[PDB]
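Structure below is run_28.csv: CSV, N, CA and C atoms and all ligand atoms.
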chain,number,residue,atom,x,y,z
A,19,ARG,N,9.6,-22.4,-12.2
A,19,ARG,CA,11.0,-22.2,-12.1
A,19,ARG,C,11.4,-20.7,-12.0
A,20,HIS,N,11.9,-20.3,-10.9
A,20,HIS,CA,12.1,-18.9,-10.6
A,20,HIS,C,13.3,-18.7,-9.7
A,21,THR,N,13.7,-17.5,-9.5
A,21,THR,CA,14.8,-17.0,-8.6
A,21,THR,C,14.3,-15.9,-7.8
A,22,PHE,N,15.1,-15.6,-6.7
A,22,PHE,CA,14.7,-14.7,-5.7
A,22,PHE,C,15.9,-13.9,-5.2
A,23,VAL,N,15.7,-12.6,-5.0
A,23,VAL,CA,16.7,-11.7,-4.5
A,23,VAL,C,16.1,-10.8,-3.4
A,24,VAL,N,16.9,-10.2,-2.6
A,24,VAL,CA,16.5,-9.2,-1.6
A,24,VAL,C,17.4,-8.0,-1.8
A,25,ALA,N,16.8,-6.8,-1.9
A,25,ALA,CA,17.5,-5.6,-2.0
A,25,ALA,C,17.3,-4.7,-0.7
A,26,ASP,N,18.3,-4.1,-0.2
A,26,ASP,CA,18.3,-3.3,1.0
A,26,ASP,C,17.9,-1.8,0.5
A,27,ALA,N,16.7,-1.4,0.9
A,27,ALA,CA,16.3,0.0,0.6
A,27,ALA,C,16.7,1.0,1.6
A,28,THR,N,17.4,0.6,2.7
A,28,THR,CA,18.0,1.6,3.6
A,28,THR,C,19.3,2.1,3.1
A,29,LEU,N,19.9,1.5,2.1
A,29,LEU,CA,21.0,2.0,1.3
A,29,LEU,C,20.4,2.7,0.1
A,30,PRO,N,20.9,3.9,-0.3
A,30,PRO,CA,20.1,4.7,-1.3
A,30,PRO,C,19.9,4.1,-2.6
A,31,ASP,N,20.8,3.2,-3.0
A,31,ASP,CA,20.7,2.6,-4.4
A,31,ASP,C,20.3,1.1,-4.4
A,32,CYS,N,19.5,0.7,-3.4
A,32,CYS,CA,19.0,-0.7,-3.4
A,32,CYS,C,20.0,-1.8,-3.8
A,33,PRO,N,21.1,-1.9,-3.1
A,33,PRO,CA,22.0,-3.0,-3.4
A,33,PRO,C,21.3,-4.3,-3.0
A,34,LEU,N,21.8,-5.4,-3.7
A,34,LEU,CA,21.3,-6.7,-3.4
A,34,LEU,C,22.1,-7.3,-2.3
A,35,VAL,N,21.4,-7.8,-1.3
A,35,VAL,CA,22.0,-8.4,-0.1
A,35,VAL,C,21.8,-9.9,0.0
A,36,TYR,N,20.9,-10.5,-0.7
A,36,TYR,CA,20.7,-12.0,-0.7
A,36,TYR,C,20.2,-12.4,-2.0
A,37,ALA,N,20.7,-13.6,-2.5
A,37,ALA,CA,20.2,-14.2,-3.7
A,37,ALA,C,20.1,-15.7,-3.6
A,38,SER,N,19.0,-16.2,-4.1
A,38,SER,CA,18.9,-17.7,-4.2
A,38,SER,C,19.9,-18.3,-5.1
A,39,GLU,N,20.1,-19.6,-4.9
A,39,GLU,CA,21.1,-20.3,-5.7
A,39,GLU,C,20.8,-20.2,-7.2
A,40,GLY,N,19.5,-20.3,-7.6
A,40,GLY,CA,19.1,-20.2,-8.9
A,40,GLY,C,19.5,-18.9,-9.6
A,41,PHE,N,19.5,-17.8,-8.8
A,41,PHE,CA,19.9,-16.5,-9.4
A,41,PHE,C,21.3,-16.5,-9.9
A,42,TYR,N,22.2,-17.0,-9.0
A,42,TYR,CA,23.6,-17.1,-9.4
A,42,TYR,C,23.7,-18.1,-10.6
A,43,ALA,N,23.1,-19.2,-10.5
A,43,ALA,CA,23.2,-20.2,-11.6
A,43,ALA,C,22.6,-19.7,-12.9
A,44,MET,N,21.5,-19.0,-12.8
A,44,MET,CA,20.9,-18.5,-14.0
A,44,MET,C,21.7,-17.4,-14.7
A,45,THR,N,22.2,-16.4,-13.9
A,45,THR,CA,23.0,-15.3,-14.5
A,45,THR,C,24.4,-15.6,-14.7
A,46,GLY,N,25.0,-16.6,-14.1
A,46,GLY,CA,26.4,-16.9,-14.3
A,46,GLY,C,27.3,-16.1,-13.4
A,47,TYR,N,26.8,-15.2,-12.6
A,47,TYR,CA,27.6,-14.4,-11.7
A,47,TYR,C,27.6,-15.0,-10.3
A,48,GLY,N,28.7,-14.8,-9.6
A,48,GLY,CA,28.9,-15.3,-8.3
A,48,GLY,C,28.5,-14.2,-7.2
A,49,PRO,N,28.3,-14.7,-6.0
A,49,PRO,CA,28.1,-13.7,-4.8
A,49,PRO,C,29.1,-12.6,-4.8
A,50,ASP,N,30.4,-12.9,-5.0
A,50,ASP,CA,31.4,-11.8,-5.0
A,50,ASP,C,31.1,-10.7,-6.0
A,51,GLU,N,30.3,-11.1,-7.1
A,51,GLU,CA,30.0,-10.1,-8.1
A,51,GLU,C,28.6,-9.5,-8.0
A,52,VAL,N,27.8,-10.1,-7.2
A,52,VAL,CA,26.4,-9.8,-7.1
A,52,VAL,C,26.0,-9.0,-5.8
A,53,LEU,N,26.6,-9.5,-4.7
A,53,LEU,CA,26.2,-8.9,-3.4
A,53,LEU,C,26.8,-7.5,-3.3
A,54,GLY,N,26.1,-6.6,-2.7
A,54,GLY,CA,26.5,-5.2,-2.6
A,54,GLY,C,26.3,-4.4,-3.8
A,55,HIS,N,25.7,-4.9,-4.8
A,55,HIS,CA,25.5,-4.2,-6.1
A,55,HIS,C,24.1,-4.0,-6.5
A,56,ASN,N,23.8,-3.0,-7.3
A,56,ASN,CA,22.5,-2.9,-7.9
A,56,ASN,C,22.2,-3.9,-9.0
A,57,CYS,N,21.0,-4.4,-9.1
A,57,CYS,CA,20.7,-5.5,-10.0
A,57,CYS,C,20.9,-5.0,-11.5
A,58,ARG,N,21.0,-3.7,-11.8
A,58,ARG,CA,21.0,-3.2,-13.1
A,58,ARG,C,22.3,-3.7,-13.9
A,59,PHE,N,23.3,-4.3,-13.2
A,59,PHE,CA,24.4,-4.8,-14.0
A,59,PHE,C,24.0,-5.9,-15.0
A,60,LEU,N,22.8,-6.5,-14.8
A,60,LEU,CA,22.2,-7.4,-15.7
A,60,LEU,C,21.6,-6.8,-17.0
A,61,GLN,N,21.6,-5.5,-17.1
A,61,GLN,CA,21.0,-4.9,-18.2
A,61,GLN,C,22.1,-4.7,-19.3
A,62,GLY,N,21.7,-4.3,-20.5
A,62,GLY,CA,22.7,-4.2,-21.6
A,62,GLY,C,22.0,-3.5,-22.7
A,63,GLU,N,22.6,-3.7,-23.9
A,63,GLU,CA,22.2,-2.9,-25.1
A,63,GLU,C,20.7,-2.9,-25.4
A,64,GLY,N,20.2,-4.1,-25.5
A,64,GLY,CA,18.8,-4.2,-25.9
A,64,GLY,C,17.8,-4.0,-24.8
A,65,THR,N,18.2,-3.7,-23.6
A,65,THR,CA,17.2,-3.5,-22.5
A,65,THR,C,16.4,-2.2,-22.8
A,66,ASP,N,15.1,-2.4,-22.8
A,66,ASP,CA,14.2,-1.3,-23.1
A,66,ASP,C,14.2,-0.3,-22.0
A,67,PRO,N,14.6,1.0,-22.3
A,67,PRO,CA,14.7,2.0,-21.3
A,67,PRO,C,13.4,2.4,-20.7
A,68,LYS,N,12.3,2.2,-21.5
A,68,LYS,CA,11.0,2.6,-21.0
A,68,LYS,C,10.5,1.6,-19.9
A,69,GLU,N,10.8,0.3,-20.0
A,69,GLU,CA,10.5,-0.6,-18.9
A,69,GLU,C,11.4,-0.4,-17.7
A,70,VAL,N,12.7,-0.1,-17.9
A,70,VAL,CA,13.6,0.2,-16.9
A,70,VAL,C,13.1,1.4,-16.1
A,71,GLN,N,12.6,2.4,-16.8
A,71,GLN,CA,12.1,3.5,-16.1
A,71,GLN,C,10.9,3.2,-15.2
A,72,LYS,N,10.0,2.2,-15.6
A,72,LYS,CA,8.9,1.8,-14.8
A,72,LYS,C,9.3,1.3,-13.5
A,73,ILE,N,10.4,0.5,-13.4
A,73,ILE,CA,10.9,0.0,-12.2
A,73,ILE,C,11.5,1.1,-11.3
A,74,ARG,N,12.3,2.0,-11.9
A,74,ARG,CA,12.9,3.1,-11.2
A,74,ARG,C,11.8,3.9,-10.5
A,75,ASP,N,10.7,4.2,-11.2
A,75,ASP,CA,9.6,5.0,-10.6
A,75,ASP,C,8.9,4.2,-9.5
A,76,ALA,N,8.7,2.9,-9.7
A,76,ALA,CA,8.0,2.2,-8.7
A,76,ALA,C,8.8,2.0,-7.4
A,77,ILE,N,10.2,1.9,-7.6
A,77,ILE,CA,11.1,1.8,-6.5
A,77,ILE,C,11.1,3.1,-5.7
A,78,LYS,N,11.1,4.2,-6.5
A,78,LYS,CA,11.1,5.5,-5.8
A,78,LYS,C,9.8,5.8,-5.1
A,79,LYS,N,8.7,5.3,-5.6
A,79,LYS,CA,7.4,5.5,-4.9
A,79,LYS,C,7.1,4.4,-3.9
A,80,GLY,N,8.0,3.3,-3.8
A,80,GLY,CA,7.7,2.2,-2.9
A,80,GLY,C,6.4,1.5,-3.2
A,81,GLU,N,6.2,1.2,-4.5
A,81,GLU,CA,5.1,0.4,-5.0
A,81,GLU,C,5.6,-0.9,-5.6
A,82,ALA,N,4.8,-1.9,-5.7
A,82,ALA,CA,5.2,-3.1,-6.4
A,82,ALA,C,5.2,-2.8,-8.0
A,83,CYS,N,6.0,-3.6,-8.7
A,83,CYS,CA,6.1,-3.5,-10.1
A,83,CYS,C,6.4,-4.8,-10.7
A,84,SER,N,6.0,-4.9,-12.0
A,84,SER,CA,6.3,-6.2,-12.7
A,84,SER,C,6.6,-5.8,-14.2
A,85,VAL,N,7.8,-6.1,-14.6
A,85,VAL,CA,8.2,-5.7,-16.0
A,85,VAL,C,9.0,-6.9,-16.6
A,86,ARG,N,9.0,-6.8,-17.9
A,86,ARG,CA,9.7,-7.8,-18.8
A,86,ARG,C,11.0,-7.1,-19.3
A,87,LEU,N,12.1,-7.7,-19.0
A,87,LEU,CA,13.4,-7.1,-19.2
A,87,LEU,C,14.3,-8.0,-20.0
A,88,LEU,N,15.1,-7.5,-21.0
A,88,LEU,CA,16.2,-8.2,-21.6
A,88,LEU,C,17.4,-8.1,-20.7
A,89,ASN,N,17.9,-9.2,-20.3
A,89,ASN,CA,19.0,-9.2,-19.4
A,89,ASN,C,20.1,-10.1,-20.1
A,90,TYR,N,21.3,-10.0,-19.5
A,90,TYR,CA,22.5,-10.6,-20.1
A,90,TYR,C,23.3,-11.4,-19.0
A,91,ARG,N,23.7,-12.6,-19.4
A,91,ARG,CA,24.5,-13.4,-18.5
A,91,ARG,C,26.0,-12.9,-18.5
A,92,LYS,N,26.8,-13.4,-17.5
A,92,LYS,CA,28.2,-13.0,-17.4
A,92,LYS,C,28.9,-13.3,-18.7
A,93,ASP,N,28.5,-14.3,-19.5
A,93,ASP,CA,29.1,-14.6,-20.7
A,93,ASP,C,28.5,-13.8,-21.9
A,94,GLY,N,27.6,-12.9,-21.6
A,94,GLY,CA,27.1,-11.9,-22.6
A,94,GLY,C,25.9,-12.3,-23.3
A,95,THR,N,25.5,-13.6,-23.2
A,95,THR,CA,24.3,-14.1,-23.8
A,95,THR,C,23.0,-13.5,-23.2
A,96,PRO,N,22.0,-13.2,-24.0
A,96,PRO,CA,20.8,-12.5,-23.5
A,96,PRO,C,19.8,-13.5,-23.0
A,97,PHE,N,18.8,-13.0,-22.2
A,97,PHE,CA,17.7,-13.8,-21.8
A,97,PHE,C,16.6,-12.8,-21.4
A,98,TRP,N,15.3,-13.3,-21.4
A,98,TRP,CA,14.2,-12.5,-21.1
A,98,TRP,C,13.8,-12.8,-19.6
A,99,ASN,N,13.7,-11.7,-18.9
A,99,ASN,CA,13.5,-11.8,-17.4
A,99,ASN,C,12.3,-11.1,-17.0
A,100,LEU,N,11.3,-11.9,-16.7
A,100,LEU,CA,10.0,-11.4,-16.1
A,100,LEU,C,10.3,-11.2,-14.6
A,101,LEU,N,10.3,-9.9,-14.2
A,101,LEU,CA,10.8,-9.5,-13.0
A,101,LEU,C,9.7,-8.8,-12.2
A,102,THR,N,9.5,-9.2,-11.0
A,102,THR,CA,8.4,-8.7,-10.1
A,102,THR,C,9.1,-8.2,-8.8
A,103,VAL,N,8.9,-6.9,-8.4
A,103,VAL,CA,9.5,-6.3,-7.3
A,103,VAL,C,8.4,-6.0,-6.3
A,104,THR,N,8.6,-6.3,-5.0
A,104,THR,CA,7.7,-6.1,-4.0
A,104,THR,C,8.3,-5.3,-2.8
A,105,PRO,N,7.7,-4.2,-2.4
A,105,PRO,CA,8.2,-3.4,-1.3
A,105,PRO,C,7.8,-4.1,0.1
A,106,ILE,N,8.8,-4.1,1.0
A,106,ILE,CA,8.6,-4.6,2.3
A,106,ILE,C,8.8,-3.5,3.3
A,107,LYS,N,7.7,-3.1,4.0
A,107,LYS,CA,7.7,-1.9,4.8
A,107,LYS,C,7.8,-2.3,6.3
A,108,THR,N,8.4,-1.4,7.1
A,108,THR,CA,8.3,-1.5,8.5
A,108,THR,C,6.9,-1.0,8.9
A,109,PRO,N,6.5,-1.3,10.2
A,109,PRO,CA,5.1,-0.9,10.6
A,109,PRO,C,4.9,0.6,10.5
A,110,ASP,N,6.0,1.4,10.5
A,110,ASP,CA,5.9,2.9,10.4
A,110,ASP,C,5.8,3.4,9.0
A,111,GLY,N,5.5,2.5,8.0
A,111,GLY,CA,5.3,2.9,6.7
A,111,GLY,C,6.5,2.9,5.8
A,112,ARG,N,7.7,3.0,6.4
A,112,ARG,CA,8.9,3.1,5.6
A,112,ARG,C,9.3,1.8,4.9
A,113,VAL,N,9.7,1.9,3.6
A,113,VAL,CA,10.2,0.7,2.9
A,113,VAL,C,11.6,0.3,3.5
A,114,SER,N,11.7,-0.9,3.9
A,114,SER,CA,13.0,-1.4,4.4
A,114,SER,C,13.8,-2.2,3.3
A,115,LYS,N,13.1,-3.0,2.6
A,115,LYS,CA,13.7,-3.9,1.6
A,115,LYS,C,12.8,-4.0,0.4
A,116,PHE,N,13.4,-4.3,-0.7
A,116,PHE,CA,12.6,-4.8,-1.9
A,116,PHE,C,13.0,-6.2,-2.1
A,117,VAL,N,12.0,-7.0,-2.5
A,117,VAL,CA,12.2,-8.4,-2.8
A,117,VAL,C,11.9,-8.6,-4.3
A,118,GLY,N,12.6,-9.5,-4.9
A,118,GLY,CA,12.3,-9.7,-6.4
A,118,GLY,C,12.3,-11.1,-6.8
A,119,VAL,N,11.3,-11.5,-7.5
A,119,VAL,CA,11.2,-12.8,-8.2
A,119,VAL,C,11.6,-12.6,-9.7
A,120,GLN,N,12.6,-13.3,-10.1
A,120,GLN,CA,13.0,-13.2,-11.5
A,120,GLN,C,12.8,-14.6,-12.2
A,121,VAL,N,12.1,-14.5,-13.4
A,121,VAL,CA,11.8,-15.7,-14.2
A,121,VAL,C,12.4,-15.6,-15.6
A,122,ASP,N,13.2,-16.6,-16.0
A,122,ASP,CA,13.7,-16.6,-17.3
A,122,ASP,C,12.5,-17.1,-18.2
A,123,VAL,N,12.0,-16.2,-19.0
A,123,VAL,CA,10.8,-16.5,-19.8
A,123,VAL,C,11.1,-16.6,-21.3
A,124,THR,N,12.4,-16.9,-21.6
A,124,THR,CA,12.8,-17.0,-23.0
A,124,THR,C,12.0,-18.2,-23.7
A,125,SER,N,11.6,-19.2,-22.9
A,125,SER,CA,10.9,-20.4,-23.3
A,125,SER,C,11.7,-21.2,-24.3
A,201,LIG,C1,16.9,-7.1,-11.3
A,201,LIG,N1,16.2,-7.5,-10.2
A,201,LIG,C2,15.9,-6.5,-9.3
A,201,LIG,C3,15.4,-6.9,-8.0
A,201,LIG,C4,15.1,-6.0,-7.0
A,201,LIG,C5,14.6,-6.5,-5.7
A,201,LIG,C6,15.2,-4.6,-7.3
A,201,LIG,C7,14.9,-3.6,-6.3
A,201,LIG,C8,15.7,-4.2,-8.6
A,201,LIG,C9,16.0,-5.1,-9.5
A,201,LIG,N2,16.5,-4.8,-10.8
A,201,LIG,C10,16.7,-3.4,-11.3
A,201,LIG,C11,17.6,-2.3,-10.8
A,201,LIG,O1,18.0,-2.6,-9.5
A,201,LIG,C12,16.8,-1.0,-10.9
A,201,LIG,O2,15.7,-1.0,-10.1
A,201,LIG,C13,16.4,-0.7,-12.3
A,201,LIG,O3,17.4,-0.9,-13.2
A,201,LIG,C14,15.9,0.8,-12.5
A,201,LIG,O4,16.6,1.7,-11.9
A,201,LIG,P1,17.7,2.6,-12.6
A,201,LIG,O5,18.3,3.6,-11.7
A,201,LIG,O6,18.8,1.7,-13.1
A,201,LIG,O7,17.1,3.3,-13.8
A,201,LIG,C15,16.8,-5.8,-11.7
A,201,LIG,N3,17.3,-5.4,-12.9
A,201,LIG,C16,17.6,-6.3,-13.9
A,201,LIG,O8,18.0,-5.8,-14.9
A,201,LIG,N4,17.5,-7.6,-13.6
A,201,LIG,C17,16.9,-8.0,-12.4
A,201,LIG,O9,16.9,-9.2,-12.2

Mind turning this structure into structure tokens?
Ligand SMILES: *[C@@]12=NC3=[C]C([C])=C([C])[C]=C3N([C][C]([O])[C]([O])[C]([O])[C]OP([O])([O])=O)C1=NC(=O)[N]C2=O
Amino acid sequence: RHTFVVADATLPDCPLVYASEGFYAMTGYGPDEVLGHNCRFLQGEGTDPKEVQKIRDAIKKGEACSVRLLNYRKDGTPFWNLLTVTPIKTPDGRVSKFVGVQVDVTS
């Protein structure tokens, strides 16, 4: 059971351009609130800054990354999000998109 998003890396702050139905249903946010925005709006007080930094660095370097994140739904309730980000390059080496699989691992 997982969800999927696509971020545009040709815009400087990796906005989300596509989300699976599960992503909206899991987070409680609609397309009007999700599309065109950076995924970080799902972070909040308890989100570990040291893991957040791991994703920031991997995205800046165009590498894949996998981190465990405390995230929050629109109603404020938290959940554990095993997040894996994969860079999608054009044949000329440049990163065009990032894709993400998000798993609620609260169990
Ligand atoms: C988010 N999923 C997610 C999916 C993709 C494809 C990408 C590129 C990023 C995310 N993020 C995080 C956010 O966009 C950003 O990369 C990090 O917050 C670190 O950068 P900053 O500048 O903020 O330090 C996701 N973040 C979440 O919290 N939940 C996800 O599902």

* ligand LIG 201 (chain A): which residues are within 5 Å, counting all atoms listed in the file, as a VMD selection string? -> chain A and resid 25 56 to 58 60 to 61 70 73 to 74 116 to 118

* Hey, which of A:91, A:79, A:68, A:86 ends up closest to residue 44 (chain A)? Count only C-alpha atoms. ->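 Smallest separation from residue 44 (chain A) among the options: A:91.
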
* To do: Would you mind reading off the distance between CA of residue 53 (chain A) and CA of residue 34 (chain A), one decimal, in Å?
  =>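 Computing the Euclidean distance for CA of residue 53 (chain A) and CA of residue 34 (chain A) yields 5.4 Å.
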
* Asked: chain A: which residues are alpha helix (DSSP H) by DSSP, as a PyMOL selection string?
  -> chain A and resi 39-45+49-52+67-79

* Got a sec to tell me which of region 32-122 of chain A DSSP assigns to strand (DSSP E or B), as a PyMOL selection string? -> chain A and resi 34-37+83-90+96-107+113-122

Could you dump the residues just selected with N, CA and C atoms as a compact mmCIF listing (two decimals), in the coordinates of the input?
# COMPACT_ATOMS: atom_id res chain seq x y z
N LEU A 34 21.80 -5.40 -3.70
CA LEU A 34 21.30 -6.70 -3.40
C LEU A 34 22.10 -7.30 -2.30
N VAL A 35 21.40 -7.80 -1.30
CA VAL A 35 22.00 -8.40 -0.10
C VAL A 35 21.80 -9.90 0.00
N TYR A 36 20.90 -10.50 -0.70
CA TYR A 36 20.70 -12.00 -0.70
C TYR A 36 20.20 -12.40 -2.00
N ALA A 37 20.70 -13.60 -2.50
CA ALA A 37 20.20 -14.20 -3.70
C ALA A 37 20.10 -15.70 -3.60
N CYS A 83 6.00 -3.60 -8.70
CA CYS A 83 6.10 -3.50 -10.10
C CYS A 83 6.40 -4.80 -10.70
N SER A 84 6.00 -4.90 -12.00
CA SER A 84 6.30 -6.20 -12.70
C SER A 84 6.60 -5.80 -14.20
N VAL A 85 7.80 -6.10 -14.60
CA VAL A 85 8.20 -5.70 -16.00
C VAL A 85 9.00 -6.90 -16.60
N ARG A 86 9.00 -6.80 -17.90
CA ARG A 86 9.70 -7.80 -18.80
C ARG A 86 11.00 -7.10 -19.30
N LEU A 87 12.10 -7.70 -19.00
CA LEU A 87 13.40 -7.10 -19.20
C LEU A 87 14.30 -8.00 -20.00
N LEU A 88 15.10 -7.50 -21.00
CA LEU A 88 16.20 -8.20 -21.60
C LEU A 88 17.40 -8.10 -20.70
N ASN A 89 17.90 -9.20 -20.30
CA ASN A 89 19.00 -9.20 -19.40
C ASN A 89 20.10 -10.10 -20.10
N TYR A 90 21.30 -10.00 -19.50
CA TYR A 90 22.50 -10.60 -20.10
C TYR A 90 23.30 -11.40 -19.00
N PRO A 96 22.00 -13.20 -24.00
CA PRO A 96 20.80 -12.50 -23.50
C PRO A 96 19.80 -13.50 -23.00
N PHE A 97 18.80 -13.00 -22.20
CA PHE A 97 17.70 -13.80 -21.80
C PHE A 97 16.60 -12.80 -21.40
N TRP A 98 15.30 -13.30 -21.40
CA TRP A 98 14.20 -12.50 -21.10
C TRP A 98 13.80 -12.80 -19.60
N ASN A 99 13.70 -11.70 -18.90
CA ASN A 99 13.50 -11.80 -17.40
C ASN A 99 12.30 -11.10 -17.00
N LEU A 100 11.30 -11.90 -16.70
CA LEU A 100 10.00 -11.40 -16.10
C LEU A 100 10.30 -11.20 -14.60
N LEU A 101 10.30 -9.90 -14.20
CA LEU A 101 10.80 -9.50 -13.00
C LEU A 101 9.70 -8.80 -12.20
N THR A 102 9.50 -9.20 -11.00
CA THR A 102 8.40 -8.70 -10.10
C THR A 102 9.10 -8.20 -8.80
N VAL A 103 8.90 -6.90 -8.40
CA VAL A 103 9.50 -6.30 -7.30
C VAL A 103 8.40 -6.00 -6.30
N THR A 104 8.60 -6.30 -5.00
CA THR A 104 7.70 -6.10 -4.00
C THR A 104 8.30 -5.30 -2.80
N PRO A 105 7.70 -4.20 -2.40
CA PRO A 105 8.20 -3.40 -1.30
C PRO A 105 7.80 -4.10 0.10
N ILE A 106 8.80 -4.10 1.00
CA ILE A 106 8.60 -4.60 2.30
C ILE A 106 8.80 -3.50 3.30
N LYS A 107 7.70 -3.10 4.00
CA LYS A 107 7.70 -1.90 4.80
C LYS A 107 7.80 -2.30 6.30
N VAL A 113 9.70 1.90 3.60
CA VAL A 113 10.20 0.70 2.90
C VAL A 113 11.60 0.30 3.50
N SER A 114 11.70 -0.90 3.90
CA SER A 114 13.00 -1.40 4.40
C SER A 114 13.80 -2.20 3.30
N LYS A 115 13.10 -3.00 2.60
CA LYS A 115 13.70 -3.90 1.60
C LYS A 115 12.80 -4.00 0.40
N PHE A 116 13.40 -4.30 -0.70
CA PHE A 116 12.60 -4.80 -1.90
C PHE A 116 13.00 -6.20 -2.10
N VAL A 117 12.00 -7.00 -2.50
CA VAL A 117 12.20 -8.40 -2.80
C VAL A 117 11.90 -8.60 -4.30
N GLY A 118 12.60 -9.50 -4.90
CA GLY A 118 12.30 -9.70 -6.40
C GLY A 118 12.30 -11.10 -6.80
N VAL A 119 11.30 -11.50 -7.50
CA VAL A 119 11.20 -12.80 -8.20
C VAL A 119 11.60 -12.60 -9.70
N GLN A 120 12.60 -13.30 -10.10
CA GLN A 120 13.00 -13.20 -11.50
C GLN A 120 12.80 -14.60 -12.20
N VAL A 121 12.10 -14.50 -13.40
CA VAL A 121 11.80 -15.70 -14.20
C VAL A 121 12.40 -15.60 -15.60
N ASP A 122 13.20 -16.60 -16.00
CA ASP A 122 13.70 -16.60 -17.30
C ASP A 122 12.50 -17.10 -18.20

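Our summary of the geometry notes that CA of residue 103 (chain A) is positioned 20.7 Å from atom C of residue 49 (chain A).
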
* Write out as a list in words which residues come within 8 Å of residue 119 (chain A) when counting only C-alpha atoms, dropping same-chain ones fewer than 4 positions away. =>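 Contacts, with the query itself left out: residues 20, 21, 22, 23, 101, 102 and 103 of chain A.
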
* CA of residue 67 (chain A) to CA of residue 50 (chain A), distance in Å rounded to a single decimal -> 27.1 Å
